[PDB]
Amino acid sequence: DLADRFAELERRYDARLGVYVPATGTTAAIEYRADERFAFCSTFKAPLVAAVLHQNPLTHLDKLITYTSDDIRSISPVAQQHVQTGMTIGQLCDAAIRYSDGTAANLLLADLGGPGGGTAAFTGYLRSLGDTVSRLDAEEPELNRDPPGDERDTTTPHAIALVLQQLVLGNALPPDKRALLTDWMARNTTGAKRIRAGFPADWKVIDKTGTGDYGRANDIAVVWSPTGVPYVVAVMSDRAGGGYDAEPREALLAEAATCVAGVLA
């Protein structure tokens, strides 16, 4: 019957919608189009940081990286301002998470090295976490104007949940680094209207958003109940029907979170 409540939101908001919450000690998993493909958008920036955290020691975040005016092809609210000054890996990661800065993302991919501009290195990282399905070829901005049906630059709710789970809750990173990533996500600016707004205030929520064309809108998060019980929530949507220029509806993502909060409480 929760299936039917998601299908309702789908109809109201004129969108296809994908939801995954893994199982726990107590609870059974929650599936809805969980094994269908969706566009990543900016959601892959979460693991990306983790990949950079994984590859290098912890003092590596101090390395300053320089770049040019014509390195800014994507929207980049932080990179734009620090062309003269440059930016350290540390600041790059902060921005990529907290502000969804597109340029930084690309710089960090380059920090991974390897062909594809570091997209292979990163693809490789996901496999280390047992992620077969997710696939990534292009960078920002080009990847977020790929057409519907195209399986390049895509993932499933099921998949990305299990990644985020291993990173945050699992032992995929040392505690010190893990800490950093949570801290960053805990302070995301771009996610107020989506998963955060669907949960009660007494729940703790850390999230990473994704947006694009064809009404594409995603949010992946870890939440803690008022008694500190952790849960992973992958929410993904699109509106490929209204074409390229369709607007995403955060309201959709907020409403679903509320249904989910209901079963989890």
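Residue indices: 1-based, along the sequence shown. We call the rigid core the largest set of C-alpha positions that still match within 1.5 Å between the two forms.
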Core fit done; bigger CA RMS in 6 other deposited structures of this protein for 83-91 or for 119-127?
83-91
Core-superposed comparison in 6 other deposited structures of this protein: bigger Cα RMS shift among 62-70 and 210-218 is in 62-70
Mean CA temperature factor from the deposited coordinates, higher in 22-30 or in 60-68?
22-30
Which has higher Cα B-factors on average according to the PDB entry: 45-53 or 31-39?
31-39
Name the residue from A179, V133, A186, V78 with the greatest C-alpha temperature factor listed in the entry.
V133
So, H82's CA B-factor, relative to its chain, sits in which third? The middle
Grab the CA temperature factor for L17 from the record and place it in the lowest, middle or highest third of its chain.
lowest
On the chain's distribution of Cα B-factors, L9 falls within the third called middle
With respect to C-alpha B-factor, does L126 fall in the lowest, middle or highest third of the chain as deposited?
highest
Can you work out whether the C-alpha temperature factor of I160 puts it in the lowest, middle or highest third of the chain?
middle
